[PDB]
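Before any questions on binding or motion, here is one chain by itself as structure tokens, the form deposited in one PDB entry.
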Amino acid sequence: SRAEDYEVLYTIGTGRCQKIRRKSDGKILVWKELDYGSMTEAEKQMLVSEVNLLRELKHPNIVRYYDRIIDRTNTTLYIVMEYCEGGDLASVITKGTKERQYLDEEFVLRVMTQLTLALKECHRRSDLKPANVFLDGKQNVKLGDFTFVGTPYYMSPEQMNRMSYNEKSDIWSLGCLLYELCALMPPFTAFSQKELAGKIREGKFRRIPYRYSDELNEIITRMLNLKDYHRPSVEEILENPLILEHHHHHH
């Protein structure tokens, strides 16, 4: 479809993401705008293929990407996707830090269950961090968004030695994300990357807060094992007695 099919309501975050309304039925959506005006033919060809793959991902726990619009006037590409009224997990963690208020174990179990399912789908088809995890209005958790200055808090031991495909590296990142949801801080912190790497290598961290059960602590701790082969698989995580039907997605 074309941009005129939609009305911009307002900007959510600055490419730039905006909440929009589809005129045909008034459906509330979001689009992300990419300015391809400075791109080469080679970069546009890569872009096209990536957007195409994006359109093929249909999963309850992956942000749904509906359409792509070209506006040759502004040299802008619009990627239309579902609206997640709950925002991102980064804002939830920030909210708790400042409220001196930990999140319910039930919420952490929802995020664990639903993100593990998202990872399972990604692995089948073959950037896990709080700002890339979105919440809808029905308690559902969705993975979205498929270089310097930033601190690589979630970088796994093996990935810091040599960046290569390893599904157990994703489990480490999930571990880090769940840890942060509980403790409201990442398991490893430092002011420099050299110091960070030394800590990650040592593999030691504080227990998550005592309000969280030993069982939750145990599985998060297993995900943060220094040995990739000691971390639980997606299958092993979902077998955990903590995970129940109600922690999964519901339309």
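All residue numbers are counted from 1 along the displayed sequence.
In none of the other PDB entries of this protein that model the residues around it does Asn140 lack coordinates, well short of a third. Of the other entries compared for this protein that flank it with modelled residues, all give atoms for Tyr102, so not even a third lack it. The entry models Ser126 and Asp127 with a gap of 4 to 9 deposited residues left without coordinates. Unmodelled residues of the deposited sequence between neighbouring positions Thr14 and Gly15 number 1 to 3. In this entry, 154-162 has the higher mean Cα B-factor, the comparison being between 154-162 and 105-113.
Stretches 96-104 and 117-125 differ in mean CA B factor, with 96-104 having the higher one. Across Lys32, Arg206, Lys44, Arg211, the greatest Cα temperature factor reported in the deposited entry is at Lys44. Note on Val48, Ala183, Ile200, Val63: the highest value goes to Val48, judged by CA B factor as recorded. In the PDB entry, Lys142 places in the lowest third of its chain by CA B-factor.
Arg222 sits in the lowest third of its chain by CA B factor, as recorded in the PDB entry. The entry lists a Cα temperature factor for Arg2 that places it in the highest third of the chain's modelled residues. For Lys23, the recorded CA temperature factor ranks within the highest third of the chain's modelled residues. In this PDB entry, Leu196 carries a Cα temperature factor that places it within the middle third of its chain's modelled residues.
This next part talks about the form deposited in another entry, which is not shown.
In the other entry, the Cα atoms of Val133 and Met163 sit 3 Å or more farther from each other than they do here.
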